[PDB]
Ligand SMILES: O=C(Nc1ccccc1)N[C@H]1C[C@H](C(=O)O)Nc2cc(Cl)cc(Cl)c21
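Quick setup: one chain, the form deposited without this ligand, written in structure tokens, and binding and motion questions come after.
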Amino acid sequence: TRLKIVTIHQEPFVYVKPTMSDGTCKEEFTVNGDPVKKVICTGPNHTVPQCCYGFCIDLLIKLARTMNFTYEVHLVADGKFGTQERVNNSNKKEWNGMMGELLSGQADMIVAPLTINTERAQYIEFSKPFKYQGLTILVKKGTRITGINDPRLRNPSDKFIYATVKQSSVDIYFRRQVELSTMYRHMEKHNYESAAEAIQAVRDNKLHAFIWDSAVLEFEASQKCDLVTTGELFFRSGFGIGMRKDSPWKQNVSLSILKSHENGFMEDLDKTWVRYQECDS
């Protein structure tokens, strides 16, 4: 009867840490002094039980309590958010990432910073947005870039490397645009397997610009004094809970999210996981 929840590593929404030697999760406290809520999430490190926590885990716990359901959390096996591609060298198309697991039954609900878009909505159902954000660019402090329209992005060269995450909605955003064709062709040869790796690459001067979700990039840039964002969101998008079409949970999930937007719960999550301290990482 327990719902199979699938999520993905993506700070500050989902932190993933090893369990202690005894199998439990380290006791930690939030900026307010409250215990950090931790859930066991099984997934690749070899697949093993790990500790998960963060904005989305707090949201999951709230949803489960409000809707009275039990659950078990696991990390997406291929580590991706999800795009639709031909498989097995054939013309058969299947979704990968969390999208694929939801559609196959490996998961019953996606609880993560999952972008709501038209393409995905054709195959699954989304709750109303639990977070409003957009797309921006992360660069090393000192790198001068105007934004998505900067000549170094519009007129690609091996002197300034930029990229995004493979099999993500962001990669498709550029792929489905004839105007951004020159950009998509450039990133295609530099895209990273995960946001963490791309962010580290910018920090190590291996990647000059990382195009990604502002909710994630502004957090990263605000915690690391050596990283900054262009500041402007060149596109707006929301994060929502994902469920299969005609699921018995959609109505109640959106109802819970509405209440959380009305009573300060979502705002408190931001004060707990997003805006609470100066850079030092």
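When you see a residue number, it is the position in the sequence shown, counting from 1.
Separately, the form solved in complex with this ligand exists; it is not shown, and the next lines address it.
Enquirer: Check the shown form for clashes with this ligand: superpose the C-alphas around the site so the partner sits as in the bound PDB entry, and report blocked if 3 or more ligand atoms are within 2.4 Å of backbone or C-beta atoms, open if none are.
Expert: Blocked pocket: the modelled ligand, placed by site superposition, has 3 or more atoms clashing at the 2.4 Å cut-off.
Enquirer: Taking this ligand as it sits in the bound PDB entry, is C41 in contact with it (heavy atom to heavy atom, 4.5 Å or less)?
Expert: Contact check for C41: no, nothing within 4.5 Å of this ligand in the bound PDB entry.
Enquirer: Given that the partner is absent here, does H186 sit within 4.5 Å of this ligand in the bound PDB entry, heavy atoms only?
Expert: The answer is no: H186 has no heavy atom within 4.5 Å of this ligand.
Enquirer: Just checking whether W249 would be counted as a contact of this ligand in the bound PDB entry - the rule being heavy atoms within 4.5 angstroms.
Expert: So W249 does not count as contacting this ligand.
Enquirer: Indicate whether this ligand has at least one heavy atom within 4.5 Å of a heavy atom of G97 in the bound PDB entry.
Expert: No - in the bound PDB entry, heavy atoms of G97 and this ligand never come within 4.5 Å of each other.
Enquirer: Consider the chain as shown here, without its partner, and state which of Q84, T136, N191, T115 has a heavy atom within 4.5 Å of this ligand in the bound PDB entry.
Expert: Spelling it out, the residue with a heavy atom inside the cut-off is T115.
Enquirer: Name the stretch, out of 62 to 70, 211 to 219, 27 to 35, 47 to 55, where some heavy atom lies within 4.5 Å of this ligand in the bound PDB entry.
Expert: Among the candidates, contact is made by 211 to 219.
Enquirer: With the partner left out here, which residues of 227 to 245 have a non-hydrogen atom within 4.5 Å of this ligand in the bound PDB entry?
Expert: If the 4.5 Å heavy-atom criterion is applied to this ligand in the bound PDB entry, 227 to 245 yields only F239.
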